[PDB]
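Notes for the one structure printed next.
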Amino acid sequence: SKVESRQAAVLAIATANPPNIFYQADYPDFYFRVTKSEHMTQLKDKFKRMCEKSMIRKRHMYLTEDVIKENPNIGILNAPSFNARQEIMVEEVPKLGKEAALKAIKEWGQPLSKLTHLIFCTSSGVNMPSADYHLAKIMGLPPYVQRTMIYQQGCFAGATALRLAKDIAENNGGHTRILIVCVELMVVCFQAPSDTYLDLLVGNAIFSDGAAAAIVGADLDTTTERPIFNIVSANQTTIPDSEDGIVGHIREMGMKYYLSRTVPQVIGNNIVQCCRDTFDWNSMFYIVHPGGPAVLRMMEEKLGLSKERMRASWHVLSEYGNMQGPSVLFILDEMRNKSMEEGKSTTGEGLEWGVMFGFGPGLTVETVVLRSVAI
Amino acid sequence: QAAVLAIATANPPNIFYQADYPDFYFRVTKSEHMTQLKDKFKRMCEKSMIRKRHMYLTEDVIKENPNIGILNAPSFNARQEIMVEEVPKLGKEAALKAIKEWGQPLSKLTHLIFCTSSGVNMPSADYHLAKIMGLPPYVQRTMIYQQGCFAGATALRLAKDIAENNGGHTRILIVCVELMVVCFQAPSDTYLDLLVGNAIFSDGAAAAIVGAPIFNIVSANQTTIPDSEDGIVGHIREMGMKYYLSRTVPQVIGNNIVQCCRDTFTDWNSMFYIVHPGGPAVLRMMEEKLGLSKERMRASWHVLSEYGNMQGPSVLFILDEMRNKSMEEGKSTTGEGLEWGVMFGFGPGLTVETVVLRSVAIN
Ligand SMILES: CC(C)(COP(=O)(O)OP(=O)(O)OC[C@H]1O[C@@H](n2cnc3c(N)ncnc32)[C@H](O)[C@@H]1OP(=O)(O)O)[C@@H](O)C(=O)NCCC(=O)NCCS
Ligand SMILES: CC(C)(COP(=O)(O)OP(=O)(O)OC[C@H]1O[C@@H](n2cnc3c(N)ncnc32)[C@H](O)[C@@H]1OP(=O)(O)O)[C@@H](O)C(=O)NCCC(=O)NCCS
């Protein structure tokens, strides 16, 4: 189609995670032990129950027990540890982003010199110059790669990078190729347990580390690049009077995340709306940010979805946890790879139209209308 | 094609005349016995070409938050709590004035781009602005955090592609705010980088509306200068932001943007210029390498004189001053009677944002 030819497409996807794996079944014992809080028995039971119903099987994490032993204020509640967290993240966030971006560029199959833009997203550390510059340096990007840095936008940053990339790619022409890199390291917000701050306990059961990279461009060269998905449209909306749903406070003791109990119902109730406002509900594919099991379940129940509609998102939640920014790109990668391994008609599990939802502080919702490519 | 449809500015009300500032700075930090350091600071202020600066951080705000004035003391939480509230409030004052000049309803906006290097929060300053302004829930927000002094030009580069790819109903509000609460530091004889920043950095907010007119955004491009990473460095720490400014930055910058002019534009006094007022030497390099007459840099010199180095929003102040004086003094276009112009923002990297502009006819 000429319609599909003129429009921004995703040309490659790849992911990376830190090497140390933490199985959720052992995490309550480890979490309450390295923070030296084993005497908070009632709290540990409450946290145990939290990890069991989190539908997370394993998480990858840079913050190991050895790194807590070298930066022990990170494991001591209210203690000054912001400088220690910053030093790690300013170094490690771009490195892990390089691991994922090298793989994405290998799939795209073009030289570094054909990149024109870089969009870097992270809520893990802040610096001047920022992680976008540091990524460009350690990858040897040319001086003409135009950088955009998306700091602290939480779990909708991956979706928002695609909204920006679509307008950049389409308005400057077929030369324009955007590299998107989203990285999260839970060094930023790890906090020791306390019965005063029950809103922080949930985050230590779900948040994890990972990096995803993608290439976006329009007007593709019909011999080197082929699209995995086309970005049809992308729109951000804000839920009125919900600012206290997800709150991140960056402090001398690191970041203090506050997660309201009602976020999954409010998000789930809103994204079901967006689906309807934007588009049989089993005839399209879905990428939902695995904020919690309750959001994915509400999609299924309120839209009457089969089990296979949400499978890629349940999957990334189980194998990686809540990685914030990059998570929707892990699910996009997981959907297309299984679609090809199982020989389905399209990269969207055999279907044509699809939606991607990111959401986070605000509450903010990013909705990306997608379309498969035939396999 | 994308155009600037309105521009307005705001500043904190407290004025600090530069002639008084070495005395004030060393007094409120209880460092006046550091007499040789203070004489070095005096020479820096006296050569800055800054006449006055507007600043949120007054003596009273230091007294309320004493650790801001004690070198190395933990003051990050105190700084954060001021800025998360005060940055969007200052931005609101500028945005309301820009929407008023525009003449269209606030509800006709479709996008908000907020830029600041002063404070970080979730949700961020862009949400807080939308909240205190009552922007409708359909306004699509983008937050540009910690990009230094090229943030204002970078927002124009993004706004151009958003306005042009979405149609004619797309209207983007750009808001850039800086408060030096973020990086104010007490003097030390072993950290001379702070001495520079305390002589030049100041507070302000600017707002612009973009749609696809006062100027037309012909093109915009970012580039990075190799082997210059350590020229402008910002380290956000428990003591607040710790900046490091290389003495060679104005020469690396000035030689680069002089070269950007040459490569991009294909008589130098026949175009107009907006140069981020990083300091006097960058402006003097433009004048000297391009053989510019004295009126070319007048608007950039004027903003430096009357506001200091406000980082992100500075180029919009200069753009506003240029078109305002162009109208009042009876020039034939918004760019001082000239047709083509260029805006240069720059900051950590070193990163350069180049925006090719075009004026519109007035009387
Ligand atoms: C494990 C998890 C994923 C699912 O838990 P759940 O089964 O839906 O909730 P349950 O009622 O079954 O029990 C969870 C326990 O943790 C408590 N809890 C759950 N959410 C809480 C919250 N935001 N704040 C404080 N306590 C909370 C509950 O009170 C409950 O305690 P109890 O059963 O011991 O009395 C949970 O961590 C969760 O859902 N968190 C919300 C996810 C979210 O908000 N993501 C934001 C998108 S970035
Ligand atoms: C401070 C400023 C007034 C420059 O002053 P100047 O024209 O160089 O005047 P001088 O060369 O005589 O130097 C004055 C004093 O300031 C010192 N100084 C100037 N820049 C310095 C720097 N980056 N670091 C440490 N010391 C510096 C000089 O060592 C000198 O000390 P001395 O009087 O004891 O001998 C200001 O215009 C400036 O520094 N601009 C560039 C700063 C920058 O990097 N901006 C980019 C961020 S947007």
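Identifiers in the structure tokens: chain A, B, ... in order shown; residue index from 1 per chain; ligand index from 1 in order shown.
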
Protein and nucleic acid residues within 6 Å of ligand 1 (only C-alpha atoms and all ligand atoms) as a ChimeraX atom specification
/A:46,50-51,53-54,155,198-199,202,205,259-261,263-264,291-294,360

Give me every alpha helix (DSSP H) residue in segment 111-213 of chain A, going by DSSP on the backbone, as JSON, numbers by chain.
{"A": [131, 132, 133, 134, 135, 136, 137, 138, 139, 157, 158, 159, 160, 161, 162, 163, 164, 165, 166, 167, 168, 169, 170, 171, 172, 198, 199, 200, 201, 203, 204, 205, 206]}

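Note that the spacing between atom CA of residue 292 of chain B and atom CA of residue 258 of chain B amounts to 11.4 Å.
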
Step by step, measure atom-to-atom distances between ligand 2 and each residue using only C-alpha atoms and all ligand atoms, keep those at most 8 Å, then write them as number ranges by chain.
B: 39-41, 43-49, 148-149, 192-193, 195-197, 199-200, 231-232, 244-250, 276-282, 309, 311, 346-347

Using N, CA and C atoms, can you export the residues from the last selection as a short mmCIF file (atom, residue, chain, number, x, y, z; two decimals), in the first residue's frame?
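Output below, filename again-v9.cif:
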```
data_model
loop_
_atom_site.label_atom_id
_atom_site.label_comp_id
_atom_site.auth_asym_id
_atom_site.auth_seq_id
_atom_site.Cartn_x
_atom_site.Cartn_y
_atom_site.Cartn_z
N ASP B 39 37.87 38.54 45.57
CA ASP B 39 38.36 39.45 44.53
C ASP B 39 38.37 38.78 43.16
N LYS B 40 38.65 37.48 43.10
CA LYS B 40 38.51 36.76 41.84
C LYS B 40 37.07 36.77 41.35
N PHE B 41 36.11 36.55 42.26
CA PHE B 41 34.69 36.60 41.91
C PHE B 41 34.27 37.98 41.43
N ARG B 43 36.19 40.18 39.89
CA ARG B 43 36.66 40.31 38.52
C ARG B 43 35.79 39.53 37.55
N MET B 44 35.27 38.37 37.95
CA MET B 44 34.39 37.60 37.07
C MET B 44 33.07 38.33 36.83
N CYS B 45 32.45 38.86 37.89
CA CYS B 45 31.21 39.61 37.73
C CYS B 45 31.42 40.87 36.89
N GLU B 46 32.55 41.54 37.08
CA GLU B 46 32.81 42.79 36.38
C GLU B 46 33.08 42.58 34.90
N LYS B 47 33.48 41.38 34.49
CA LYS B 47 33.72 41.07 33.08
C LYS B 47 32.58 40.32 32.43
N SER B 48 31.48 40.07 33.15
CA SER B 48 30.42 39.20 32.68
C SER B 48 29.50 39.85 31.65
N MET B 49 29.49 41.19 31.58
CA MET B 49 28.52 41.96 30.79
C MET B 49 27.08 41.72 31.25
N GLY B 148 20.18 21.36 29.68
CA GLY B 148 21.03 22.54 29.65
C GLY B 148 20.48 23.68 28.83
N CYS B 149 21.39 24.42 28.22
CA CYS B 149 21.04 25.66 27.55
C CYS B 149 20.58 25.48 26.09
N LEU B 192 36.85 26.20 41.47
CA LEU B 192 36.64 27.48 40.78
C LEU B 192 35.55 27.48 39.71
N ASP B 193 35.02 26.31 39.37
CA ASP B 193 33.96 26.21 38.38
C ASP B 193 32.67 26.86 38.88
N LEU B 195 32.48 29.42 40.86
CA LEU B 195 32.65 30.86 40.79
C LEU B 195 32.09 31.40 39.48
N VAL B 196 32.31 30.67 38.39
CA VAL B 196 31.81 31.10 37.09
C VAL B 196 30.29 31.05 37.08
N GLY B 197 29.72 29.90 37.47
CA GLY B 197 28.28 29.74 37.39
C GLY B 197 27.53 30.71 38.28
N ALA B 199 28.47 33.69 38.91
CA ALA B 199 28.53 35.02 38.32
C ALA B 199 27.57 35.19 37.14
N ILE B 200 27.07 34.09 36.56
CA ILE B 200 26.35 34.20 35.29
C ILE B 200 24.93 33.64 35.31
N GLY B 231 33.39 19.92 28.78
CA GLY B 231 33.27 21.37 28.73
C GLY B 231 32.19 21.92 29.63
N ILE B 232 31.01 21.31 29.62
CA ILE B 232 29.89 21.71 30.48
C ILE B 232 29.34 20.44 31.11
N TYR B 244 30.44 22.03 36.27
CA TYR B 244 31.85 22.21 35.95
C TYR B 244 31.93 22.86 34.57
N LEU B 245 32.43 24.09 34.53
CA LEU B 245 32.54 24.81 33.27
C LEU B 245 33.99 25.02 32.83
N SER B 246 34.34 24.43 31.69
CA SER B 246 35.68 24.57 31.16
C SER B 246 35.91 25.99 30.64
N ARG B 247 37.11 26.51 30.89
CA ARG B 247 37.45 27.85 30.43
C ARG B 247 37.50 27.95 28.91
N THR B 248 37.67 26.83 28.21
CA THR B 248 37.77 26.84 26.76
C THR B 248 36.42 26.68 26.07
N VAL B 249 35.33 26.56 26.83
CA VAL B 249 34.02 26.38 26.22
C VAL B 249 33.67 27.50 25.25
N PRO B 250 33.77 28.79 25.61
CA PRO B 250 33.38 29.83 24.65
C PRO B 250 34.13 29.78 23.33
N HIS B 276 22.47 32.11 22.09
CA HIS B 276 22.34 31.89 23.53
C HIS B 276 23.45 32.64 24.26
N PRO B 277 23.12 33.48 25.14
CA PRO B 277 24.15 34.32 25.77
C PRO B 277 24.95 33.53 26.81
N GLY B 278 25.81 32.64 26.32
CA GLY B 278 26.62 31.85 27.23
C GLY B 278 27.61 32.69 28.00
N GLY B 279 28.06 33.80 27.40
CA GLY B 279 28.97 34.75 27.98
C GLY B 279 29.39 35.73 26.90
N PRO B 280 30.17 36.75 27.26
CA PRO B 280 30.52 37.75 26.23
C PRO B 280 31.42 37.21 25.13
N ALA B 281 32.28 36.24 25.42
CA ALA B 281 33.29 35.83 24.45
C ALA B 281 32.67 35.10 23.26
N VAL B 282 31.61 34.32 23.48
CA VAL B 282 30.92 33.67 22.36
C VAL B 282 30.34 34.72 21.41
N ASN B 309 22.48 34.73 32.25
CA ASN B 309 22.42 33.46 31.53
C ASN B 309 21.32 32.60 32.17
N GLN B 311 19.96 30.00 30.89
CA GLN B 311 20.03 28.63 30.34
C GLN B 311 18.87 28.44 29.37
N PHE B 346 23.10 25.90 22.86
CA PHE B 346 24.20 24.96 23.06
C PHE B 346 24.31 24.63 24.54
N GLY B 347 24.94 23.50 24.83
CA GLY B 347 25.02 23.02 26.19
C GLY B 347 25.83 21.75 26.30
#
```

Within 9 Å of chain B, which residues of chain A show up when using only C-alpha atoms, listed as a ChimeraX atom specification?
/A:80-83,86,126-130,133-134,142-154,160,164,166-172,235-241,243-244,246-253,257,360-364

Give the strand (DSSP E or B) residues of segment 64-288 of chain B, as assigned by DSSP on the backbone, as a PyMOL selection string.
chain B and resi 111-116+122+140-145+171-178+201+204-211+215-224+232-237+240-245+272-275

Neighbour list for residue 162 of chain A as a PyMOL selection string, cut-off 9 Å, only C-alpha atoms, skip fewer than 2 positions in-chain
chain A and resi 10+157-160+164-167+180+216+231+234+368

For the selection you just gave me, I'd like the residues written to a file as a PDB file, in the first residue's frame, keeping N, CA, C and O atoms.
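Output saved as result.pdb:
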```pdb
ATOM      1  N   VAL A  10       8.534   0.264  12.368  1.00  0.00           N
ATOM      2  CA  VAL A  10       9.580  -0.277  13.226  1.00  0.00           C
ATOM      3  C   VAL A  10      10.422  -1.238  12.396  1.00  0.00           C
ATOM      4  O   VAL A  10       9.902  -2.223  11.862  1.00  0.00           O
ATOM      5  N   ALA A 157       7.211   5.789  28.743  1.00  0.00           N
ATOM      6  CA  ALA A 157       8.289   6.411  27.976  1.00  0.00           C
ATOM      7  C   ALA A 157       8.570   5.664  26.676  1.00  0.00           C
ATOM      8  O   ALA A 157       8.893   6.285  25.658  1.00  0.00           O
ATOM      9  N   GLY A 158       8.483   4.334  26.699  1.00  0.00           N
ATOM     10  CA  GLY A 158       8.653   3.569  25.474  1.00  0.00           C
ATOM     11  C   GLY A 158       7.596   3.903  24.439  1.00  0.00           C
ATOM     12  O   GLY A 158       7.906   4.142  23.271  1.00  0.00           O
ATOM     13  N   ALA A 159       6.331   3.952  24.867  1.00  0.00           N
ATOM     14  CA  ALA A 159       5.249   4.374  23.982  1.00  0.00           C
ATOM     15  C   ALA A 159       5.451   5.806  23.495  1.00  0.00           C
ATOM     16  O   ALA A 159       5.219   6.106  22.317  1.00  0.00           O
ATOM     17  N   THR A 160       5.896   6.706  24.379  1.00  0.00           N
ATOM     18  CA  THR A 160       6.050   8.100  23.975  1.00  0.00           C
ATOM     19  C   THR A 160       7.191   8.266  22.982  1.00  0.00           C
ATOM     20  O   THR A 160       7.108   9.117  22.092  1.00  0.00           O
ATOM     21  N   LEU A 164       6.866  10.274  19.275  1.00  0.00           N
ATOM     22  CA  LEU A 164       7.825  11.243  18.753  1.00  0.00           C
ATOM     23  C   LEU A 164       8.491  10.731  17.484  1.00  0.00           C
ATOM     24  O   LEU A 164       8.622  11.471  16.503  1.00  0.00           O
ATOM     25  N   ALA A 165       8.925   9.463  17.490  1.00  0.00           N
ATOM     26  CA  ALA A 165       9.625   8.898  16.340  1.00  0.00           C
ATOM     27  C   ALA A 165       8.770   8.909  15.087  1.00  0.00           C
ATOM     28  O   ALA A 165       9.299   9.055  13.983  1.00  0.00           O
ATOM     29  N   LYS A 166       7.459   8.741  15.228  1.00  0.00           N
ATOM     30  CA  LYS A 166       6.602   8.712  14.045  1.00  0.00           C
ATOM     31  C   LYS A 166       6.593  10.064  13.340  1.00  0.00           C
ATOM     32  O   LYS A 166       6.695  10.135  12.110  1.00  0.00           O
ATOM     33  N   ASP A 167       6.485  11.149  14.106  1.00  0.00           N
ATOM     34  CA  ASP A 167       6.444  12.473  13.497  1.00  0.00           C
ATOM     35  C   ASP A 167       7.817  12.897  12.979  1.00  0.00           C
ATOM     36  O   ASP A 167       7.912  13.518  11.915  1.00  0.00           O
ATOM     37  N   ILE A 180      15.751   4.182  18.982  1.00  0.00           N
ATOM     38  CA  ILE A 180      15.103   4.367  20.284  1.00  0.00           C
ATOM     39  C   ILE A 180      15.736   3.391  21.271  1.00  0.00           C
ATOM     40  O   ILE A 180      15.875   2.205  20.956  1.00  0.00           O
ATOM     41  N   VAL A 216      13.296   3.027  13.867  1.00  0.00           N
ATOM     42  CA  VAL A 216      12.072   3.488  13.213  1.00  0.00           C
ATOM     43  C   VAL A 216      12.450   4.336  12.003  1.00  0.00           C
ATOM     44  O   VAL A 216      13.366   5.167  12.076  1.00  0.00           O
ATOM     45  N   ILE A 231       3.534   2.105  12.435  1.00  0.00           N
ATOM     46  CA  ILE A 231       2.966   2.983  13.460  1.00  0.00           C
ATOM     47  C   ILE A 231       1.872   3.806  12.784  1.00  0.00           C
ATOM     48  O   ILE A 231       2.154   4.799  12.113  1.00  0.00           O
ATOM     49  N   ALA A 234      -0.604   7.589  17.106  1.00  0.00           N
ATOM     50  CA  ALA A 234      -0.091   7.591  18.469  1.00  0.00           C
ATOM     51  C   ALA A 234      -0.617   8.837  19.156  1.00  0.00           C
ATOM     52  O   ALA A 234      -0.389   9.943  18.660  1.00  0.00           O
ATOM     53  N   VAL A 368      -0.870   3.606  21.033  1.00  0.00           N
ATOM     54  CA  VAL A 368      -0.246   3.484  19.718  1.00  0.00           C
ATOM     55  C   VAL A 368      -1.074   2.516  18.893  1.00  0.00           C
ATOM     56  O   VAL A 368      -1.217   1.346  19.265  1.00  0.00           O
TER      57      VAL A 368
END
```

Just give me the gap between atom CA of residue 177 of chain A and atom CA of residue 107 of chain A in Å, one decimal is fine.
13.9 Å

Using atom CA of residue 197 of chain A and atom CA of residue 44 of chain A as the two end points, give the distance in Å to one decimal.
13.8 Å

For residue 319 of chain A: contacts at 7 Å, only C-alpha atoms, fewer than 3 positions along chain excluded, given as a PDB file with C-alpha atoms, in the first residue's frame:
```
ATOM      1  CA  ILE A  56       6.237 -12.683  38.213  1.00  0.00           C
ATOM      2  CA  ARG A  57       8.473 -15.741  38.009  1.00  0.00           C
ATOM      3  CA  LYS A  58      11.911 -14.157  37.639  1.00  0.00           C
ATOM      4  CA  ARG A  59      13.504 -10.714  37.463  1.00  0.00           C
ATOM      5  CA  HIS A 315       4.842 -13.691  29.300  1.00  0.00           C
ATOM      6  CA  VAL A 316       7.107 -10.666  29.713  1.00  0.00           C
TER       7      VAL A 316
END
```

Contact residues around residue 71 of chain B with only C-alpha atoms at 9 Å, ignoring same-chain residues under 4 positions, as a PyMOL selection string:
chain B and resi 29+67+185-188+239
